[PDB]
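For reference, the chain that follows is the form deposited without the named molecule, supplied as structure tokens.
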């Protein structure tokens, strides 16, 4: 008796991640529209450009937090508690938004989820490997099944949450996200005790006595320096929300900039164009929940259904393409930098495609939802070529997990350029921009 030929414990982690991704992407599907709403009532004193920038940097921090959660679990708290307490903080983040508050709750919600996802996201995948011996040939299948559960949650969430927001408002919809995470915790907690190794209740590589102090010092210097920067910023008058957002953008981009300059000082050099292509691809893919969400709400005949449902197309196409590419890579298979190149080209085509309706019809009307369907089909096609390979090429493993954070940080700057007047230029310029760089990468391949 198995779960698709895998140890029964996979069923627990499958559901755990399905519900967490439900909570996360359910929130993402309506958070931007929610900020627009708070703005329209005068409760939130920012522009839509800033709100769009917030969504991008929010994403950026979540991915950044993810590069740290594995360490904290491996060295300090253990993978099993990390997942649990991460789940708790994620649940509380969605509760904060469900409470009878407005803009005052946004920061607290954002922080809780950044930290919680940081503890949960890397460590659930770790525990999946825990199910198998070193020997097990079933590993690749088990992770594929796990990924399917991730995509499932991401798929149903905007449908269910978006419908709920339409029927019962934002606060109820945010509560559904919280309940989703809660369900994830129930199944995880009770299902875990039956199936998970008690070894992972504790860290597997705990700090040795002599490691405690320098780690505390290292963490301390970072906080003091970051706090110092913020003090100076407020002294010299750089203290607006766009300013803090720029600071985090700089931070998110500096980290890979430093580790490279650190490590360089020589095939690492060859990894640079790969890393650049990854950042750019993630930038475009992550604009689906920001720029494309804006386009869906302003430029699409979506009178008969919640416009947040467009967020379901991303994981839908992942699920549709997946068994195909599963087959395709079994049946000369192109190289890895070739995949990145063609992978970035498809991202570029997805934005080039979106420039068409504005150029043909104008930007003051509404167009068919099919334009967005086509756009997402194109970008996810690019994801099938880049994501399954990116970790393999880089084998700096962290560099791979950071490419998504840098793309989002870059987006935090770029998405402020998008509006009805700049629609066609935005899509053409960046669409073509990414296509040419994918052409360059073929030359450098």
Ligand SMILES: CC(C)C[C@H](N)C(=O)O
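Residue numbers count along the first chain shown, from 1. Just so we're on the same page, rigid core means the largest C-alpha set that superposes within 1.5 Å between forms.
Aligning on the core, I want to see which stretch wanders more in 9 other deposited structures of this protein. Is it 50 to 58 or 400 to 408 by C-alpha RMS?
Per-stretch check in 9 other deposited structures of this protein: the more divergent one is 400 to 408.
Kindly name the stretch, out of 178 to 186 and 139 to 147, whose CA atoms are displaced more from this form in 9 other deposited structures of this protein after the core superposition?
This comes out as 139 to 147, the stretch further from the shown form in 9 other deposited structures of this protein.
Would you say residue 265 goes unmodelled in a third or more of the other compared entries?
Result for residue 265: often missing, at least a third of the compared entries.
Please establish whether a third or more of the other compared PDB entries omit coordinates for residue 68.
Comparison shows residue 68 kept in all of the other entries.
Interresidue gap class [residue 40, residue 41; deposited sequence, unmodelled]:
The entry has no unmodelled residues between residue 40 and residue 41.
Deposited residues lacking coordinates between residue 331 and residue 332 (none, 1 to 3, 4 to 9, 10 or more)
1 to 3 residues lack coordinates between residue 331 and residue 332.
Mean C-alpha B-factor comparison - 177 to 185 and 99 to 107, higher one:
Taking the mean C-alpha B-factor of 99 to 107 and of 177 to 185, the larger value falls to 99 to 107.
Would you mind comparing 125 to 133 and 67 to 75 for me and telling me which has the higher average C-alpha temperature factor in the entry?
Here the higher of the two C-alpha B-factor means belongs to 125 to 133.
Highest Cα B-factor in the deposition, which of 313, 320, 300, 264?
Checking the PDB record, the top C-alpha B-factor among 313, 320, 300, 264 is at 264.
Could you tell me which one of 58, 400, 33, 376 shows the highest CA temperature factor in the PDB record?
It is 400.
B-factor third for the C-alpha atom of residue 410 within its chain
Lowest third, going by the recorded CA B-factors of the chain.
Chain-relative CA temperature factor third for residue 273
As the PDB entry reports it, the C-alpha B-factor of residue 273 lands in the highest third of its chain.
Is residue 26 in the lowest, middle or highest third of its chain when residues are ranked by C-alpha B-factor?
Lowest third, going by the recorded CA B-factors of the chain.
Taking the chain's C-alpha temperature factors as the reference, tell me which third residue 386 falls into: lowest, middle or highest.
Highest third of the chain for residue 386's C-alpha B-factor.
With respect to C-alpha B-factor, does residue 18 fall in the lowest, middle or highest third of the chain as deposited?
According to the entry, residue 18 has a C-alpha B-factor in the chain's middle third.
One more form of this protein should be noted, the form solved in complex with the named molecule, which is absent from this view; the next part is about it.
Does the named molecule get within 4.5 angstroms of any non-hydrogen atom of residue 150 in the deposited bound form?
Within the cut-off, so yes.
Contact between residue 282 and the named molecule in the deposited bound form at 4.5 Å, heavy atoms?
Contact with the named molecule, yes.
With heavy atoms only and a cut-off of 4.5 Å, decide whether residue 401 touches the named molecule in the deposited bound form.
Residue 401: contacts the named molecule in the deposited bound form.
For the stretch 108 to 136, I need every residue with any heavy atom inside 4.5 Å of the named molecule in the deposited bound form, listed N to C.
Result: 121 alone.
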